Amino acid sequence: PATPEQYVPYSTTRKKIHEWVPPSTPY
Amino acid sequence: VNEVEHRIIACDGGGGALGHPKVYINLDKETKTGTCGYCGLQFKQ
Amino acid sequence: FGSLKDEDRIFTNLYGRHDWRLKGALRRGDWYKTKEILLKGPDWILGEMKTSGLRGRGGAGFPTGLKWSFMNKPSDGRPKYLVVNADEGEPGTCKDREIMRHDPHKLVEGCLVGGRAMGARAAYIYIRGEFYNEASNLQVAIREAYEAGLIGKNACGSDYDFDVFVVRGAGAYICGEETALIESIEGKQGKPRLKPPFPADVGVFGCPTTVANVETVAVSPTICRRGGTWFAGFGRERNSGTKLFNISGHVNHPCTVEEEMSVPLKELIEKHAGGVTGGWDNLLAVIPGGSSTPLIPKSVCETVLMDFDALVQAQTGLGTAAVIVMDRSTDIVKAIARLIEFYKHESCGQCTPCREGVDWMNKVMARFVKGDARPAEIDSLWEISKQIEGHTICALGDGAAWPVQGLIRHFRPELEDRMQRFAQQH
Amino acid sequence: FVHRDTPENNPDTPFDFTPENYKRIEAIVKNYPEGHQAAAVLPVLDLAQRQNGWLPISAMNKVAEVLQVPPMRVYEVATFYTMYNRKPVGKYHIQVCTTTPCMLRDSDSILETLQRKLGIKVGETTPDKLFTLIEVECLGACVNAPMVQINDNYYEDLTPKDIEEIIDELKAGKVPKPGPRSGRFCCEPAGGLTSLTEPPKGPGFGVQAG
Amino acid sequence: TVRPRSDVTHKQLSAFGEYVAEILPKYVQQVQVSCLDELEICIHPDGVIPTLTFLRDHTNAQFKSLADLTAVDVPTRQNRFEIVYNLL
Amino acid sequence: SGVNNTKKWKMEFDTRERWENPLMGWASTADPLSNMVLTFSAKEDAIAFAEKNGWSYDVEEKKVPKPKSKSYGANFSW
Amino acid sequence: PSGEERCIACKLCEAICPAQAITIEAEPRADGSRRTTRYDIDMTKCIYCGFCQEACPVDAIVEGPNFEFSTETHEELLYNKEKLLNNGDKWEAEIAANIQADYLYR
Amino acid sequence: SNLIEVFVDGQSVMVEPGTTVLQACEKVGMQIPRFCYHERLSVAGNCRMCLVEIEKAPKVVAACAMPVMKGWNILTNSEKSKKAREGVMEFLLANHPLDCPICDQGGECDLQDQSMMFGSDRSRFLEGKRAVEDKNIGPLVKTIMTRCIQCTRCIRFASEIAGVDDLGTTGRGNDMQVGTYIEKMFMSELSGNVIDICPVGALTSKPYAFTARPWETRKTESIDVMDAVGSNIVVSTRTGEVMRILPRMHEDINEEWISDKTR
Amino acid sequence: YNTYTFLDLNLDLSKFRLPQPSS
Ligand SMILES: Cc1cc2nc3c(=O)[nH]c(=O)nc-3n(C[C@H](O)[C@H](O)[C@H](O)COP(=O)(O)O)c2cc1C
Ligand code: SF4
Ligand code: SF4
Ligand code: SF4
Ligand code: SF4
Ligand code: FES
Ligand code: FES
Ligand SMILES: [Zn+2]
C-alpha cells in the first residue's frame, strides 16, 4: 500500500401506518 | 452539473463494466438537467 | 424496342411548346371521342385496358385493368371514388410533374374516362404540396373543362356524372403510398393502413376507392380512344406501352423523354437524353426505377433493356423508371447513404421494422462512408436489410432495404477498402 | 415535438381567419363529402399557414374549432408534415434540394454559395429575417438537379452565380424570374428535344375505332 | 450448445423396451425411450417384484444394482406418489 | 398479456396474521400453511385433494375471456 | 465516488439470494431519485455465495475480504443499510483494488 | 354453420369467418408474441412482432390484422416466423434504454419475456441510442417515455375506452413521440389503466413508483368497494401491507379496467 | 402567382362541383 460501540439493529422503514389521533378538546 | 455539448449524453457511471449500466440522457431542455436514474448526476446541456 | 415514333408518343405537349390550356388541348384533340367511349360502356373501357395489358406506371407494377376491375363490382350503397396521386416524392420522378404543368387536360379526361370504368362518383387529385405552381395550372385546366361542360354532372353530354377535385399534399413521400394518401385525404396523419382491408373495399371516407399513378390515369383515354392494341404492340410480352423515362445525374443532357419501353439501357443515354457524362465507361452504376429500386452496375447496364420483366430478372425494379446515373468520380457509399438519410427523414414510424431499422442502417451507412466500421459489419447490414424488407406494413421499408442490398451486392470490395483505408491511418 | 408555451408562440396570440380567409375555408369543406369537414384539416391548416407562417399553437387550436375536430388531431397533422412551420420562418424561406440526384449535380455545391451569400448557417433565419435556409429533401424536379425552392418560386439548374443573380434580385426588388435558369426549360434534353418536334397528329388521328 | 448424442443408444434401448414389454405383457403399461436417451418402463404396482426380478436375473438384461428408489408426488393424479426405481 | 399463468387450477389457503418482528422490522407469521399453493390440472382433482385432506373449499369457476370479434377495417368506416 | 449510494433498489439483490436473507423496501428519496429506505442481510442466514455481487448491475452490493467479524451476540449479525454502507465506507480502498483486479475475468 | 376451416400447425381448427390469424392460434392454444394488440382495443399493426407464415405463401402476415381465409395452415414455430421475431426484437431493443433495474415493470414486462423467449441472445446495435424528454401527464402516471415502443395502445385506449382524446402521436420517423403535444395533464377516470396497458414501463404509476418489484408481491383476488359496480380487482400485498390494487378480468362487471379512485 | 390563388380557384369551382353525398 463490554465495549459500548455494538451494532444494534433498526426497522429503517418510516412506520408504514398512521393512527387517528383523537380530538384534542371534548364535545 | 456536468455540462455537455450534445443533445444526448451517455452515463456509464464513470466506467465501463465497473460502473452502472449505460443509459443515454436527453439534456435537451436547459429547463431540466437530465439526471441519470442510476448516478443522480445532473447534466447541464 | 426503341425509337418510339412521335406519332406514337402520347404526351405530345411534353416540353410544353403547345397551349397546355384547352385551346392547345383541342388542337391536340384530347377530348375527341370522350362521349363515345363513355357511351360504349364501362365494360368496353376495361376491355380496352385488359387488351392493352398496361402495367402500373407508378413504382409498383400490377396489371392496370385488373386493379380497376376490382371495384367494378356492384355498389353497396356507398359512393365509389377515384384518387389520382400526383405526389411523386421518389427522386427522379419529375415524370409526373410534366403532365400537370403541361397537358393537364390529358389527365382531366383520363379522370372521367377512368371514372366511368370504375363508376367513380368523383376524383380527387393529390398533387405534391411543393408543386404549388403545378396545382395552379391544373384547376385552371379543370375550371376550363367544366365551363365547357366536359366534366360535371351529365359530363361530355352523357348520362354519367363526375366531379374532379385537387387536394394539397404537405411535403411527405409516404403520402404517395396507395393507402396513406387515402388517409391524408381523410385528414388524419399520413400513415398507411394494412392490406387486409384492400383500398377498393374500404376507402377514402370509408367507401370504395382506387388509386392510380397520374401517368396511368392520363394514358387511359388515349389507349381507348386510340387502339389499345396499338399500344400493346409497343410493349414486350407482359411489359407493354411507352412509359416516360427520366434520366438525371451524370448524363450530358438530362431530360424526361417518353421513348418506348423495353429500351436497351445503354441506348437511352447514348441515343436520346445525353450520353453518360464522361463516356459510357464512366458509369459506376445505374439507378433504373429511382431511389427505391436497387442500382445495377455497368456490367449489367448495357445488357438489360428497360422493362419490368427484364429488370426483375436483373434483381432491380422498373418502378417510376427514373434513371439516376453515377460516374466513377462518385462515392457509391455516400450516394446510397443520403437515400437512407432520405428515408429516415421520411418514413412514418408507424411500423417497428422501418422505424428503428431504417435509422439503424442510416447510422451504419454514415460510419461506412467514413470507413470507421469494420468489414464484418457489412454483411450484418445485409441481415438488417432483409429483416426490414419482409416485415414492413408498407413498401417503403421494402424500398429502403433494396439500395442497401444493391451496394453490398455489387460494390462490396469498395466498401471493404473504405473499411481498410481508415484502419491504416489509425 | 413539444410546444412549451412562449409569450410569442402561445395560446395568448389571437388567430382568426380573415373574413376573406373564412370564405376560403368553406370552399374547401364542400369539396369533401358532407359531415367530413374533418378532412379539411390539411387544406385549412395550409391557409392558416398562408395567413401567417408562424402558425402558433393558437392558430392550430383555431383550426380545430373551425373544423370541429379535436385539437390533438390538428396538432398531429401539423407535426407530421414538413410543409407546415410551427416556428416563425423567414420572409423568404429558401429550401435547397440535397437528395442524391441533386447532389451528383453538385446541389451541395449550391449550398456553400447560398450560406456565404446569406452569410448565415443552414437551418435558421437571417438576422434580417429576410431569408431562411433549410436543407430540404427531394422536391420532384430532379431533371434540373441544382435546385432551390423559395416560397414556391421553385428555381432550377442553379449555379453559384445563378443563385447569385437570384438572391440579389430577392434582396433588392421582387419576383426574380422564378423558374429554370439555363434555358433548358422543364426537362428539355439540353442538346435538343430529340422528340415531339413532329407536329401534333390532330384530333381523330389514330382512333382506330378504339 | 446441442448435446453430443449417439443415436445408436436410442435405438438399442428402444429395442430393449419392446423386448421387456413383450416378455412381461401383464404388468407393463407404457414403455418409452425419452430423448435424453434413457429408458422408462412403467409397470402396474402389482408388477413391482415380477418386473424387477426379471431385470435382476435375465441373461439378456442383467440389472444387478438399484441406483435409487424415490417417489415424485403429483398431488393432482389420483394415485399421487409415483415410485421410481433406477437400475444399472 | 401472457396467458400461461392462468391455465392450471391452484388451491391456496386462507390469509392469517402477517406481523412485524420487533427487533428488525421484518414480517413474521405463525401460519405454517401460508406459503402453500398446490397446483392441480382440473376442478375435479382439486376438490378431491381438499376433501381427501379434510380442508374446507371455496371453488371459483374459471373466467376465460369470451370471443370478441376484431377487424382491422372497422375503424375506417365513417 | 461522488458519494451517491450505488444501490437503486432493484430487488434483484435479494431475489437470487437462496438463503432468503435480504429485504430492501424502497421509496423515491425526495430528490426524485430512486434509493433504498431499507436494506438488510441476516448474516446468520447468508452463505457467502456471492450471488448478490454478480447479479448487481451497478456493483453496489459486494462481499468483502473480511473474515474477522465474529460477534458476542446475535443482533450484531443482522446488518442494516448503515452497517453495510459505512462498512463500504471502510474497505473501498481495499475492495476496488480487487474488483479492478478481477473485473476482466468477470 | 359458417365456420370456416383453418389449420394451426395442423390442428385443423374451425373458426368463424372474420377471426384474425392471431385469434385462430389462440383456440388451438398457441400464443403469437404480440405488442400493440389488446383484445378490447382496435387492431393497429404498429409493432409487427406477430408476423407469422401461413402455408405455401410468399410473405409473413400480421396475425393481428389478417382475416384467416379457407384452409390456410398457420406455421407459428417455423424457421421463418422465428427470424421474423428474432429480427423485430432486434429493433425494439435497439433504441431501448437499458434501465430495467429502474423500470418498475421489471418482471411485469411483455418485452423482456418475448425477448427472453422468442428474441435474440445478443445485440448487434453498436451505435448510439435515442432519448426523449420526460413530461408530466399527471400525478398518477409517471411517463419515463424514452421507454415507449410506439405501440399506440395508449393512444387508442385514451380514445376508445376513455373518450379523452388528449394523447396522440407527434412527429414522424424515429422521432415519433407518443404524448400530448402541449403539456395538458391526462385528467380522466379510467386514467390509471394506461399503466396496466402499456406493456413497456415507459409510463407507470407514480405512487407505486419504487416500493416493490412484482415477483415478491403476493396476489389476493378481491372486490372493489369504493364504487357500486363492484369491479373485480387483485390486491398485491408484500410482507403484510397492500402495495398496489390492479384490475383482474370479469367479463360482465369490470372487463380488465378499474377506476382511478379504486387503484 | 400568389399564396391565395390556388384556394381562390377552388372558391371559384365550388358551383362547378355538383352536390356531395352525406352519411
Ligand atoms: C413510400 C411510398 C411512396 C410512394 N410514392 C408514390 C408516388 O409519389 N407516386 C405514385 O404514383 N406512387 C407512389 N407509391 C406507390 C403507391 O403505393 C401505389 O402503388 C401507386 O401509386 C399506384 O399507382 P399505379 O397503380 O397507377 O402504378 C408509393 C409507395 C410507397 C410505399
Ligand atoms: S444492491 Fe445491487 S442489486 Fe441489490 S438492489 Fe441495490 S442495486 Fe439492485
Ligand atoms: S451472499 Fe449471502 S446474501 Fe449475497 S446472495 Fe448469497 S446468501 Fe444472499
Ligand atoms: S421496459 Fe422497463 S423492463 Fe421491460 S425492458 Fe424496457 S426497461 Fe427493462
Ligand atoms: S406509452 Fe406505453 S402504450 Fe403508449 S405507446 Fe409508448 S408503449 Fe405503447
Ligand atoms: S433530388 Fe432534388 S430534385 Fe429530386
Ligand atoms: S401484434 Fe400483430 S401488429 Fe403488433
Ligand atoms: Zn449514471
# chains A, B, ... in the order shown; residues from 1 in each chain; ligands from 1

call {"tool": "residues_around", "arguments": {"residues": "residue D:184", "least_positions_apart": "2", "cutoff": "10 Å", "atoms": "only C-alpha atoms", "output": "PyMOL selection string"}}
result
(chain C and resi 15+253-255) or (chain D and resi 144+156-157+180-182+186-193)

call {"tool": "write_last_selection", "arguments": {"atoms": "C-alpha atoms", "output": "PDB file, in the first residue's frame"}}
result
ATOM      1  CA  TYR C  15     -41.814  20.149 -73.072  1.00  0.00           C
ATOM      2  CA  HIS C 253     -28.461  16.276 -71.428  1.00  0.00           C
ATOM      3  CA  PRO C 254     -30.672  15.096 -68.502  1.00  0.00           C
ATOM      4  CA  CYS C 255     -34.305  15.089 -69.749  1.00  0.00           C
TER       5      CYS C 255
ATOM      6  CA  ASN D 144     -32.753  20.126 -63.101  1.00  0.00           C
ATOM      7  CA  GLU D 156     -33.750  25.199 -61.093  1.00  0.00           C
ATOM      8  CA  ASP D 157     -30.386  24.241 -62.697  1.00  0.00           C
ATOM      9  CA  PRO D 180     -35.106  27.273 -64.558  1.00  0.00           C
ATOM     10  CA  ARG D 181     -32.037  29.282 -65.452  1.00  0.00           C
ATOM     11  CA  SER D 182     -30.027  27.671 -68.242  1.00  0.00           C
ATOM     12  CA  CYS D 186     -38.593  21.989 -67.923  1.00  0.00           C
ATOM     13  CA  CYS D 187     -36.997  18.663 -68.803  1.00  0.00           C
ATOM     14  CA  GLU D 188     -35.698  19.595 -72.255  1.00  0.00           C
ATOM     15  CA  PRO D 189     -32.934  17.365 -73.438  1.00  0.00           C
ATOM     16  CA  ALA D 190     -30.494  20.240 -73.267  1.00  0.00           C
ATOM     17  CA  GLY D 191     -28.934  19.421 -76.629  1.00  0.00           C
ATOM     18  CA  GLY D 192     -32.269  19.195 -78.398  1.00  0.00           C
ATOM     19  CA  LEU D 193     -35.813  17.953 -77.947  1.00  0.00           C
TER      20      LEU D 193
END

call {"tool": "residues_around", "arguments": {"residues": "residue F:60", "least_positions_apart": "5", "cutoff": "12 Å", "atoms": "only C-alpha atoms", "output": "ChimeraX atom specification"}}
result
/F:9-12,42-43,46-47 /H:221

call {"tool": "residues_near_ligand", "arguments": {"ligand": "ligand 7", "cutoff": "8 Å", "atoms": "only C-alpha atoms and all ligand atoms", "output": "PyMOL selection string"}}
result
chain H and resi 22+32-37+43-51+62-65+151

call {"tool": "interface_residues", "arguments": {"of": "chain C", "to": "chain H", "cutoff": "7 Å", "atoms": "only C-alpha atoms", "output": "NGL selection string"}}
result
:C and (196 or 344-353 or 355-357 or 359 or 363 or 387 or 390-391)

call {"tool": "residues_around", "arguments": {"residues": "residue B:5", "least_positions_apart": "6", "cutoff": "10 Å", "atoms": "only C-alpha atoms", "output": "ChimeraX atom specification"}}
result
/B:27,44-45

call {"tool": "write_last_selection", "arguments": {"atoms": "C-alpha atoms", "output": "PDB file, in the first residue's frame"}}
result
ATOM      1  CA  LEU B  27     -30.169  17.061 -21.927  1.00  0.00           C
ATOM      2  CA  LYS B  44     -26.294  20.918 -17.793  1.00  0.00           C
ATOM      3  CA  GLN B  45     -26.912  20.825 -21.527  1.00  0.00           C
TER       4      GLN B  45
END

call {"tool": "residues_around", "arguments": {"residues": "residue E:27", "least_positions_apart": "6", "cutoff": "8 Å", "atoms": "only C-alpha atoms", "output": "list in words"}}
result
residues 43, 44, 46, 47 and 51 of chain E

call {"tool": "residues_near_ligand", "arguments": {"ligand": "ligand 6", "cutoff": "6 Å", "atoms": "only C-alpha atoms and all ligand atoms", "output": "list in words"}}
result
residues 91 and 92 of chain C; 97, 98, 99, 100, 101, 102, 138, 139, 140, 141, 142 and 145 of chain D

call {"tool": "interface_residues", "arguments": {"of": "chain B", "to": "chain D", "cutoff": "12 Å", "atoms": "only C-alpha atoms", "output": "VMD selection string"}}
result
chain B and resid 28 to 29 31
